[PDB]
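The chain below stands alone and is given as structure tokens, in the form deposited in one PDB entry.
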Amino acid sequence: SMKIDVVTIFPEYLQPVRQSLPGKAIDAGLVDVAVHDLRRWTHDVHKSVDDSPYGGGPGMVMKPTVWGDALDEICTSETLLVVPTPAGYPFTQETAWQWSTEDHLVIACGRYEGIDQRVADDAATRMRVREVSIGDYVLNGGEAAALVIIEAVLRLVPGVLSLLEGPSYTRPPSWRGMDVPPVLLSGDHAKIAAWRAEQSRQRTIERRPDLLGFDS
């Protein structure tokens, strides 16, 4: 069984929910998802987890010490440590497929400004570390990215179950004066493929020219 540990200062946000893809996976015994409050590894009265950046700049940086004790306790040398970060390598469908075979994912959730770089540098001496971004929009912390990563990876785990998709339709064949493309009604597996391919092309070149090796 796969085991996923998430570490965060927002454990309630990351608490698994039964009616969800991860929830189904958990209840099917295919995965154990444990969530940990990073503040467990603080020792000061105020439970401080970050501090001002050396060299200045806006915002705060998470303290290396607290993350240190946390990952010390939760990780082994076989652990794949995932660290969401705006500055990471891209998280892709290829990445998802790869992590779907993993035995232990530990996901370190930190604020946008980052965890002290020495945390990941130190972890890499004992385990595999992957700093990744799920997109170039800006989230305030790694929490939502952790939820995205979990859903992308879990749906690939055995047992759990290029080009843009063109439009899709279902019943009724006429709705509010709008008709389904007749080829999709004609039952011709060949003509239908020709049409869907053509639609996908038009859509991809319009919305994602990058996918076909073009600019913008």
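From 1 onward, residues are counted along the sequence shown. Throughout, rigid core stands for the largest set of C-alpha atoms superposing within 1.5 Å between the two forms.
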{"property": "Entries skipping residue 27: at least a third of other ones", "result": "yes"}
{"property": "Third-or-more of other entries without residue 161", "result": "yes"}
{"property": "Deposited residues omitted from coordinates between residue 161 and residue 162, as a class", "result": "10 or more"}
{"property": "Which of 188-196 and 5-13 has higher mean CA B factor, as the PDB entry lists it", "result": "188-196"}
{"property": "Between the two ranges 95-103 and 82-90, the one averaging a larger CA B factor in the entry", "result": "95-103"}
{"property": "Of the residues 172, 55, 167, 182, the one carrying the largest Cα B-factor as recorded", "result": "182"}
{"property": "Of the residues 63, 176, 155, 47, the one carrying the largest Cα B-factor as recorded", "result": "47"}
{"property": "Residue 118 - Cα temperature factor, lowest/middle/highest third of chain", "result": "middle"}
{"property": "Where the record places residue 129 (Cα B-factor, split into thirds across the chain)", "result": "middle"}
{"property": "Third assignment of residue 148 from its chain's C-alpha B-factors", "result": "lowest"}
{"property": "Among modelled residues of the same chain, the CA temperature factor third for residue 207", "result": "lowest"}
{"property": "Entry-reported Cα temperature factor of residue 35, expressed as the chain third it lands in", "result": "middle"}
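The same protein has a further form, the form deposited in another entry, not shown here; the description that follows concerns it.
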item: Which one of 28, 183, 34, 60, by Cα shift of 2 Å or more between this form and the one not shown, core superposed; value: 28
item: Core-aligned C-alpha movement of residue 16 between this form and the one not shown reaching 2 Å; value: yes
item: Distance direction in the other entry for the C-alpha atoms of residue 21 and residue 170, relative to the displayed form (3 angstroms or more); value: farther
item: Change in CA distance between residue 28 and residue 148 in the other entry, which is 3 Å or more, as closer or farther; value: farther
